[PDB]
Amino acid sequence: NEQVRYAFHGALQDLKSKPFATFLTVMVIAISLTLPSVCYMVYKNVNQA
Amino acid sequence: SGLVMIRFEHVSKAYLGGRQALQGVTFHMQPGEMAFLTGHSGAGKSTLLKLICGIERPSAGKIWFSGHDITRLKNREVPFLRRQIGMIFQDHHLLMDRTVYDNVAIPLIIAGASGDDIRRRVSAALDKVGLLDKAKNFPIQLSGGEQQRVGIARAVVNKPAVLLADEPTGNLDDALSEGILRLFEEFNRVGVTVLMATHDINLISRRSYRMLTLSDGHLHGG
Amino acid sequence: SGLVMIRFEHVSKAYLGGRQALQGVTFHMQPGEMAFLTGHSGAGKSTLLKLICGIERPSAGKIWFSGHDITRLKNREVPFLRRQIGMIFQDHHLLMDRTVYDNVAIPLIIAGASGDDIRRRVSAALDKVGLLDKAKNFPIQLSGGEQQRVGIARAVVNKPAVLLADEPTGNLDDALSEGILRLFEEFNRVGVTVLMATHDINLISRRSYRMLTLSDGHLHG
Amino acid sequence: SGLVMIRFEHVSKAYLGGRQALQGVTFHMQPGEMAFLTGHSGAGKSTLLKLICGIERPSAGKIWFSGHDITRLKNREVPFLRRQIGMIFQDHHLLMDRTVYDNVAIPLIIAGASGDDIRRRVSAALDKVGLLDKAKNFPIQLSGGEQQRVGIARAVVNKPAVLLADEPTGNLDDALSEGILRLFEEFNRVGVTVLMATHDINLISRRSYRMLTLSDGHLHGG
Amino acid sequence: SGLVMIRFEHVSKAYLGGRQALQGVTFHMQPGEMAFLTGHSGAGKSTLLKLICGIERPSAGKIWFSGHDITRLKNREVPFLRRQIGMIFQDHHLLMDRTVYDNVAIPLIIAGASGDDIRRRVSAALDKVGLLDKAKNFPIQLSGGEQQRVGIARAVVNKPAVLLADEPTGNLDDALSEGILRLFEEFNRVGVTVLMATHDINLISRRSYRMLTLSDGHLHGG
Amino acid sequence: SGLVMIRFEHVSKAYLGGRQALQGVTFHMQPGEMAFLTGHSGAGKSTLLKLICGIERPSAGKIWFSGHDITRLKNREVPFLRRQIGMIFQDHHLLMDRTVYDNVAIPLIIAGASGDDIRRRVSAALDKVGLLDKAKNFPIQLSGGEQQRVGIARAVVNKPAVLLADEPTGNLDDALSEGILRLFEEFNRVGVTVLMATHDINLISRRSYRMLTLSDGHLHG
Amino acid sequence: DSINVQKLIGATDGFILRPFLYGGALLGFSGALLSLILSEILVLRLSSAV
Ligand SMILES: Nc1ncnc2c1ncn2[C@@H]1O[C@H](COP(=O)(O)OP(=O)(O)OP(O)(O)=S)[C@@H](O)[C@H]1O
Ligand SMILES: Nc1ncnc2c1ncn2[C@@H]1O[C@H](COP(=O)(O)OP(=O)(O)OP(O)(O)=S)[C@@H](O)[C@H]1O
Ligand SMILES: Nc1ncnc2c1ncn2[C@@H]1O[C@H](COP(=O)(O)OP(=O)(O)OP(O)(O)=S)[C@@H](O)[C@H]1O
Ligand SMILES: Nc1ncnc2c1ncn2[C@@H]1O[C@H](COP(=O)(O)OP(=O)(O)OP(O)(O)=S)[C@@H](O)[C@H]1O
Ligand SMILES: Nc1ncnc2c1ncn2[C@@H]1O[C@H](COP(=O)(O)OP(=O)(O)OP(O)(O)=S)[C@@H](O)[C@H]1O
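Residues numbered from 1 in each chain as written, not as in the entry; some residues may be left out. Chains lettered and ligands numbered in written order. Part of a larger assembly, values for the part shown. Heavy atoms only, no water. Residues with missing side-chain atoms left out of burial classes, pairs and counts.

The deposited coordinates, according to the entry record, derive from cryo-EM at 3.30 Å resolution.

What follows is the structure, given as structure tokens:
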């Protein structure tokens with residue numbers, strides 16, 4: 001059970017190790033769902049209209 | 001005799017290039033024996049030390065570690081074979097980007113140990129090698145014969161049943177090499193076998209330990 | 001005297017940890033001199049060899065390579081300093097995923113050479129070390145004493161003016177160590193200075209070359 | 001134990017000058033054993049190697065070669081004793097006026113062999129020593145450590161049951177001496193004993209073979 | 001086996017400062033065995049040689065000299081223990097104010113011997129060491145490796161059952177050191193054990209004698 | 001050249017027995033030179049080191065210490081000759097019934113020093129050898145390799161102009177012998193000449209210092 | 001280098017397949033959350049235009 005604490009610690013310290021690249025990657029993963037989301041909203045709002 | 005810790009039968013290791021690294025190596029090592037593995041450059045010295053850890057599999061013969069045959073050890077059981085084997089190479093494999101404390105505490109985290117359990121053992125292990133009060137510094141700013149002392153400290157952590165030294169002190173001074181050898185003798189006293197492979201002439205000549213003289217893959221002559 | 005190929009003034013190198021690696025190392029090497037750099041482990045033997053290549057910069061003093069000062073060489077000019085320096089380390093830095101022929105032709109393409117020119121020089125370089133008819137095979141298939149032999153072959157390509165060896169033959173047999181040392185003489189004969197830094201005792205005691213003793217960063221004496 | 005190849009009982013060798021070359025030498029050598037015969041200059045090292053070949057007869061005691069006692073071997077049977085013994089000295093006894101091919105092919109002509117039989121064995125023997133494509137040159141134009149390699153090639157021809165090396169590599173480089181020793185180990189692997197007498201310190205110190213330390217004619221202390 | 005001349009069981013020697021000179025030294029020596037006692041500087045080499053003579057008493061374990069236990073030997077019987085022990089140190093303990101003849105004749109006067117008996121034995125003992133015609137000169141005007149030869153001559157007088165050499169030839173030339181070692185082998189041939197403790201690398205490497213490698217008070221590893 | 005610290009002319013030393021210990025030993029040592037005095041047992045290695053301290057007087061020739069002649073130095077002036085000479089022997093001459101602190105403060109009180117002055121210098125001297133926090137303990141309690149370390153500490157007190165070592169590390173391990181030799185370099189760096197006389201072969205072969213070979217009383221050559 | 005050292009010391013195949021597994025899962029979750037928040041704010045900003 002103590003094994004899954006070094007796991008979280010290592011993953012978090014790895015993501016924070018290079019915040020430049022980490023932020024760049026979370027941004028470009030944010031874009032890839034942004035438009036699918038907004039296009040589903042224009043799907044439902046015109047469906048209601 | 002009793003429970004031979006390491007035992008080869010007719011072990012051969014031919015590589016994908018079709019050349020013989022070992023040929024008919026047969027020997028056994030009692031639980032507590034300290035031996036030297038000498039030989040010329042092209043002899044399968046580090047090849048012999050690789051088969052024991054399960055890093056490489058023999059092309060023939062059989063290998064017995066403790067009481068279990070590991071000739072065709074399943075890949076699931078390999079990580080538990082190396083947990084009983086301490087490995088020291090010519091150069092330290094230290095992770096230079098991380099503190100010595102954690103760099104030594106790795107094997108306990110591998111096996112799974114309490115946070116306070118880790119604190120006690122690494123402090124003790126860093127003390128037997130004589131390198132306490134050094135646990136906070138990084139491997140880069142320790143001196144050349146001081147990084148190796150951590151490599152032994154990392155290996156001796158978790159009480160390995162065998163240390164396999166692959167030409168340690170090869171880049172160390174003669175005065176420092178003797179000190180490392182007195183360290184290995186310190187561990188061999190309690191319960192753990194040693195198979196120090198080496199090139200040094202004045203290091204094995206001052207001790208009365210069993211010498212295994214590999215020559216073109218053939219193991220013992222004396 | 002003439003044109004001292006390597007010359008150190010009262011030089012020092014303190015690292016970020018605030019410890020003295022070198023202290024007041026002064027010496028000079030003629031173009032053609034072969035010397036041995038010996039010392040204990042805590043002596044800056046590799047640090048001394050690192051200042052010559054521009055890998056590290058001195059904290060004090062002055063360093064002259066050939067007839068030029070390189071104490072504060074700009075980062076624009078370092079790659080042309082290392083093109084006249086042969087660098088052999090204890091552990092060969094061969095590229096494990098690439099054939100020997102392309103693992104020894106690297107220095108030539110660095111300066112830029114013709115395909116025919118590359119073929120001729122590497123073939124000659126691979127023959128001086130005696131490892132011809134071995135160029136098509138990968139370094140993993142060679143023995144522990146030939147991978148190093150390629151390392152010197154890579155260093156001697158482009159005809160460096162100086163060969164720097166950082167404890168070569170440290171993982172090599174005593175029979176092989178003499179063979180490697182006879183290789184470095186073959187080069188020191190023609191035009192290249194050698195600064196073999198080593199721990200060995202029966203390799204430097206069979207020769208009458210200059211011995212540079214480093215003790216806690218203090219050279220020779 | 002089994003069939004001791006070489007065995008001395010109480011062998012002494014006093015010469016016509018009335019001085020003792022050996023005194024009470026007692027030892028035995030198994031068929032396959034490799035041993036070193038060390039000692040100071042005036043000790044009967046080459047005297048001990050002379051009694052085995054039947055070149056000299058003991059003044060006391062008995063000598064057993066294979067299963068046969070050769071203490072008072074009849075002069076008719078001596079040439080058949082030395083046919084099973086390979087002899088290498090400090091210097092090559094090469095016949096410098098004759099080609100290496102025939103200089104190596106001598107022992108087969110001594111025993112009596114077919115012309116084509118001679119061609120096959122000397123080519124093989126010149127290959128184990130690694131000196132093929134050298135069979136046409138004369139011993140004078142081969143290098144110093146290359147003439148000795150033929151001397152081993154001549155001895156190993158006809159498959160001797162024992163090589164007796166009388167300080168070989170005494171005029172050879174340290175790098176060359178190790179190569180010759182790896183050659184002797186190559187023969188010792190298959191079936192043939194070796195009794196290499198030597199002075200070298202760094203040659204016997206790298207191997208784990210039995211060492212026989214003659215001192216003023218007294219043979220073994222360890 | 002038979003009658004072990006020297007035998008330690010679990011011998012430890014802790015001094016008044018509370019530091020361990022020896023820890024669990026266990027070994028035995030047959031009557032005639034020649035052995036080398038090597039080790040680093042701080043190892044109990046001369047401490048081990050001190051317990052045998054009864055100069056120092058063990059803090060634990062037992063010591064057997066010949067057939068008699070001398071662990072708690074009574075102070076009345078100590079002088080008769082050392083009469084069977086020859087003692088040679090790194091430096092000669094010669095009495096420089098007195099002639100070599102009497103300086104060698106001391107042990108017989110200690111035991112009590114006839115005046116003519118003393119004349120015969122010291123002349124013989126001065127001859128085995130090769131130092132006859134030197135009995136009238138004083139130790140000061142003999143050369144450095146010549147005073148030590150008397151120290152062996154004094155020890156070998158009265159036919160000791162064991163020579164204990166405490167780093168002899170430590171201030172002697174390499175050429176002279178080998179000569180002294182051939183002297184010790186000369187005595188070991190007849191009936192007397194030797195426990196030469198030493199630091200020399202090229203002296204023990206030329207002989208095939210048992211080597212006892214002390215390391216921080218722990219005795220044997222090979 | 002400049003001021004030769006030690007200079008021997010055609011010198012000889014025949015003892016009362018009528019035998020030649022030295023014969024025609026001529027050499028000179030600069031102020032700062034480190035040299036090795038090697039030879040066999042019958043060669044006057046210690047006799048050569050004894051003439052420098054005034055312990056023995058030459059039977060011929062001339063001996064100059066610093067800039068002064070000491071060939072026939074009067075018995076009134078010898079104690080001031082030995083105050084600039086550090087004397088290390090094979091066997092340490094430590095006083096066994098007296099603590100290390102008072103066993104190293106002997107040279108200071110010889111010349112006469114203040115109690116505060118004595119405390120400061122011996123504490124610094126006991127720290128250069130690395131044997132601080134050991135001064136309160138008796139020499140018998142130290143290991144065989146630290147009693148010698150006090151011996152050098154005693155010699156280096158009062159800052160001698162020359163260190164004379166008579167086969168030190170003869171009863172010391174090879175690992176310890178190098179440590180003692182690294183100590184003598186630490187002193188040869190600043191201002192003190194060293195005349196290490198030794199039998200060792202792997203201690204003098206790792207350095208590039210001047211080697212004075214004595215063969216039957218004939219020096220160098 | 002850390003992975004090689006861990007495998008040599010005796011780390012199991014699941015010990016090495018962990019920091020990454022959690023890293024990837026956390027990265028996906030965080031990216032989806034941030035993407036949804038950005039989408040909501042951009043649609044509510046275009047609500048000004050509508
Ligand atoms: N990057 C560094 N940061 C801090 N200290 C360093 C660094 N590199 C070297 N040192 C120190 O510098 C001293 C000498 O270092 P080196 O030059 O490597 O000596 P060296 O061990 O003889 O070289 P080798 O063995 O040929 S690689 C030692 O005390 C090292 O700890
Ligand atoms: N991965 C490999 N592929 C092919 N041949 C190999 C490989 N590893 C080793 N060999 C060969 O195996 C023989 C002996 O193996 P080595 O492990 O290199 O012996 P070694 O060099 O004495 O050990 P070290 O590393 O020097 S202590 C040599 O002929 C090598 O060329
Ligand atoms: N033909 C001989 N006549 C008289 N004495 C001899 C003869 N051959 C050898 N000796 C003596 O025998 C003793 C030892 O014999 P050797 O064979 O000379 O030993 P050895 O010198 O160790 O052997 P080598 O040739 O050096 S490997 C010496 O005292 C020699 O002088
Ligand atoms: N007081 C003395 N009386 C007579 N002869 C002496 C005296 N001191 C030394 N000798 C002789 O002088 C020669 C050389 O003596 P040493 O100077 O002691 O040589 P040494 O043995 O190299 O010195 P060491 O070993 O460093 S103490 C030898 O032949 C000694 O016998
Ligand atoms: N009288 C003593 N009092 C306290 N400790 C001592 C005494 N004699 C020896 N020791 C210690 O015992 C340990 C080993 O004993 P030693 O006899 O000095 O070993 P040794 O130095 O190898 O023998 P030698 O004389 O060098 S051959 C060392 O740690 C010494 O400091």
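Undergrad: Is there a simple way to think about the overall build of chain C in this case?
TA: Counting its secondary structure elements, chain C contains 7 helices and 12 strands. Relative to the 2.2 N^0.38 estimate, which gives 17 Å for 221 residues, the radius of gyration of chain C is 17 Å and therefore close to what a compact globule would have. Dimensions of chain C, computed from C-alpha atoms along their principal axes, come out at roughly 45 × 40 × 35 Å. With 221 residues in all, chain C has 50% of them scored as buried. Intrachain contacts of chain C at a sequence separation of at least 6 include 71% that bridge at least 24 residues. Total accessible area on chain C stands at roughly 9,800 Å², and carbon and sulfur atoms take up 50% of it. Side chains of chain C carry 27 positive and 22 negative charges; the gap between the two charge centres is 6 Å. (Helix = DSSP H or I, 4+ residues; strand = E, 2+ residues; numbered from the N terminus. Rg over C-alpha atoms; globule rule 2.2 N^0.38 Å. Buried < 20%, exposed > 50% of the residue type's maximum accessible area, 1.4 Å probe, protein only. Contact = heavy atoms within 4.5 Å. Areas by Shrake-Rupley, 256 points an atom, 1.4 Å probe, with all protein chains shown as cover. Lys, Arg positive; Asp, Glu negative; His and termini not counted. Charge placed at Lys NZ, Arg CZ, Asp CG, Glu CD.)

Undergrad: Explain the pattern of salt bridges to me, please; I cannot follow it from the model alone.
TA: As a working rule, side chains carrying opposite charge can pair if their charged atoms are close by. Under the criterion given, the structure shown has 61 salt bridges over all chains. A salt bridge links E178(B) to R206(B); its shortest N-O distance comes to 4.0 Å. Within this pair, whereas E178(B) is found in helix 6 (residues 174-190), its partner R206(B) is found in the loop between helix 7 (201-204) and strand 9 (210-214), the two being separated by 28 residues in sequence. As far as burial versus exposure is concerned, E178(B) and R206(B) are alike and both buried. Put simply, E185(C) and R207(C) hold a salt bridge, and the shortest N to O gap is 3.3 Å. Of this pair, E185(C) sits in helix 7 (residues 174-188) while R207(C) sits in the loop between strand 10 (193-197) and strand 11 (210-215), and the two are 22 residues apart along the sequence. On the accessibility criterion, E185(C) (10% relative accessible area) is buried. (Salt bridge = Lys/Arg side-chain N within 4 Å of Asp/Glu carboxyl O.)

Undergrad: Help me understand helix 1 (residues 2-9) of chain G, please; the structure alone is not making it clear to me.
TA: Within helix 1 of chain G the residues assigned to the buried category are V5(G), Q6(G), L8(G) and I9(G). In a view along the axis of helix 1 of chain G, the buried residues occupy a sector of 165°, so they form one face of it. Packed against the buried residues of helix 1 of chain G are helix 1 (3-17) of chain A, helix 2 (78-82), strand 6 (85-88), helix 3 (100-111) and helix 5 (144-156) of chain B together with helix 2 (13-16) of chain G. (Arc of directions from axis to C-beta.)

Undergrad: Sorry if this is basic, but what is going on with the site of ligand 5 here?
TA: Neighbouring residues of ligand 5: 16 residues in total, closest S41(E), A43(E), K45(E), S46(E) and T47(E). More than one chain lines the surroundings of ligand 5; the residues nearby belong to chains E and F. For ligand 5, an oxygen atom lies 2.5 Å from a polar atom in the backbone of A43(E). If ligand 5 stood free it would expose 630 Å²; the protein chains cover 81% of that surface. Take the shell around ligand 5: its biggest share by element is 3 residues, from helix 1 (residues 45-52) of chain E. Its residues placed into classes, the shell around ligand 5 shows 5 nonpolar, 7 polar and 4 charged. (Near = heavy atom within 4 Å. Polar contact = N/O pair within 3.5 Å; in protein donor to acceptor, adjacent residues only side chain to side chain. Nonpolar A, V, L, I, M, F, W, Y, C, P; charged D, E, K, R; others polar.)

Undergrad: Which parts of the structure should I look at to understand the site of ligand 2?
TA: Residue and element names in this part refer to chain B. Taken together, 16 residues sit near ligand 2, with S41, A43, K45, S46 and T47 positioned nearest. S41 is positioned such that a nitrogen or oxygen atom in its backbone is 2.6 Å from an oxygen atom of ligand 2. Out of a free accessible area of 630 Å², ligand 2 has 80% covered by protein chains. With 3 residues, helix 1 (residues 45-52) is the single largest residue contributor to the shell around ligand 2. Looking at the shell around ligand 2 residue by residue, the classes come out as 5 nonpolar, 7 polar and 4 charged.

Undergrad: Would you mind showing me how to read the sheet that holds strand 9 (residues 162-166) of chain F here?
TA: All names here are of chain F. The sheet built from 6 strands is open, its strands ordered 8-9-10-5-11-12 with mixed pairing. Of all strands in the sheet, those with a lone pairing partner are strand 8 (85-89) and strand 12 (218-219), marking the two edges. With 5 bridges joining them, strand 5 (residues 34-39) and strand 11 (residues 210-215) adopt parallel strand pairing. Note that in strand 11 the partner of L37 across the bridge is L212. Strands strand 5, strand 8, strand 9 and strand 10 (193-197) of the sheet are contacted by helix 7 (residues 174-188), whose axis makes an angle of about 155° with strand 10. (Pairing = 2+ DSSP bridges. Axes fitted to C-alpha atoms, helices over the stretch in contact; angles between N-to-C directions.)

Undergrad: Would you mind going over the interface of chain G and chain A with me for this structure?
TA: The partner chain A presents 17 residues to the 17 residues of chain G that form the contact. Carbon and sulfur atoms supply 79% of the area buried between chain G and chain A, which totals about 1,500 Å² over both sides. Summed over the three residues of chain G that lose the most area to chain A, namely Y22(G), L27(G) and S35(G), the buried surface amounts to 29% of that side. Where chain G meets chain A, there are 0 salt bridges. Summed over the shared surface of chain G and chain A, the result is 3 residue pairs in polar contact. In terms of residues, the side of chain G that touches chain A owes the most to one element, helix 3 (residues 19-49) of chain G, which gives 14 residues. Across the side of chain G that touches chain A, the residue classes break down as 10 nonpolar, 6 polar and 1 charged. (Buried area = accessible area lost by both parts, 1.4 Å probe.)

Undergrad: Sorry if this is basic, but what is going on with the environment of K128(C) here?
TA: Residue and element names in this part refer to chain C. Structurally, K128 is set in helix 5 (residues 115-128). With 72 residues separating them along the chain, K128 and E56 place their C-alpha atoms 31 Å apart. Among all residues touching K128, those that are not within four sequence positions of it are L183, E186 and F187.

Undergrad: Any chance you could explain the packing of aromatic side chains here in plain terms?
TA: Each aromatic ring pair is summarised here by two numbers: the centre-to-centre distance and the angle between the ring planes. Counted according to the given criterion, the structure contains 13 aromatic pairs over all chains. A cation over a ring is seen here: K136(C) above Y101(C), with NZ or CZ 4.7 Å from the ring centre. (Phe/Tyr/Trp six-rings, centres within 6.5 Å; stacked < 30°, edge-to-face > 60°. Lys NZ or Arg CZ within 6 Å of the ring centre and 35° of its normal.)

Undergrad: Please clarify how the environment of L163(B) should be interpreted in this entry.
TA: Residues and elements named next belong to chain B. Note that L163 resides in strand 7 (residues 162-165). What makes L163 buried here is its relative accessible area of 1%. When the C-alpha positions of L163 and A124 are compared, they lie 18 Å apart, and in sequence the two are 39 residues distant. Ignoring sequence-local partners within four residues, the contact set of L163 consists of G86, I88, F184, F187, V192, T193, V194 and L195.

Undergrad: Can you walk me through the nonpolar core in this structure?
TA: Soluble globular proteins tend to pack their nonpolar side chains together in the buried interior. All names here are of chain B. Membership of the largest hydrophobic core comes to 48 residues, with the highest contact counts inside it found for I118, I152, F184 and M196. A total of 8 residues in this core trace back to one element, the largest contributor, which is helix 3. Not counting residues up to four positions away in its chain, the partners in contact with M196 are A35, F36, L37, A165, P168, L181, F184 and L203. (Core = buried A, V, L, I, M, F, W, Y, C linked by side-chain atoms within 4.5 Å.)

Undergrad: Explain the interface of chain E and chain F here, please?
TA: Frequently, the measure chosen for interface size is the accessible area that the parts lose on association. Every contact between the two is made by 14 residues of chain E and, on the other side, 16 residues of chain F. Of the roughly 1,100 Å² buried between chain E and chain F, counting both surfaces, carbon and sulfur atoms make up 42%. The largest share of the area that chain E buries against chain F comes from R19(E), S41(E) and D173(E), three residues that together contribute 34% of it. Taken together, the connections running from chain E to chain F amount to 0 salt bridges. Summed over the shared surface of chain E and chain F, the result is 4 residue pairs in polar contact.

Undergrad: Help me understand the arrangement of the chains, please; the structure alone is not making it clear to me.
TA: Across the 11 pairs of chains that are in contact, the largest number of contacts falls between chains A and G. Contact between chain A and chain C is absent, and the minimum C-alpha spacing across the pair is 22 Å. The two units chain C and chain E never meet; even their closest C-alpha atoms stay 15 Å apart.

Undergrad: What is the right way to read the sheet that holds strand 5 (residues 68-69) of chain E from this model?
TA: By definition, the strands of a sheet pair up through backbone hydrogen bonds, in either a parallel or an antiparallel sense. Residue and element names in this part refer to chain E. Spatial ordering of the open sheet is given by 2-1-4-5, a layout of 4 strands whose pairing is antiparallel. Edge positions in the sheet fall to strand 2 (20-29) and strand 5, since each of these pairs with one other strand and no more. As judged from the 6 bridges shared by strand 1 (residues 6-14) and strand 2, these two strands associate in the antiparallel manner. Residue pairing across strands places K13 opposite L22, the latter belonging to strand 2.

Undergrad: In this structure, what is going on with the side chain of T71(C)? I would like to understand it.
TA: Residue and element names in this part refer to chain C. Residue placement: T71 occurs in the loop between strand 7 (68-69) and helix 2 (78-81). In this structure the side chain of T71 is engaged in a polar contact, spanning 3.4 Å, whose partner is the side chain of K62. At 2.5 Å, the side chain of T71 forms a polar contact with the side chain of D69. Discounting residues that sit within four places of it in the chain, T71 has contacts with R57, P58, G61, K62 and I63.

Undergrad: Please clarify how a positive patch on the surface should be interpreted in this entry.
TA: A cluster of basic side chains, namely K128(C), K159(C), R182(C) and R189(C), defines a positive patch on the protein surface. Following the sequence through the fold, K159(C) ends up in the loop between helix 6 (144-156) and strand 9 (162-166). (Patch = residues over 30% accessible without salt bridge, like charges linked within 9 Å, V, L, I, M, F, W, Y side chains within 5 Å.)

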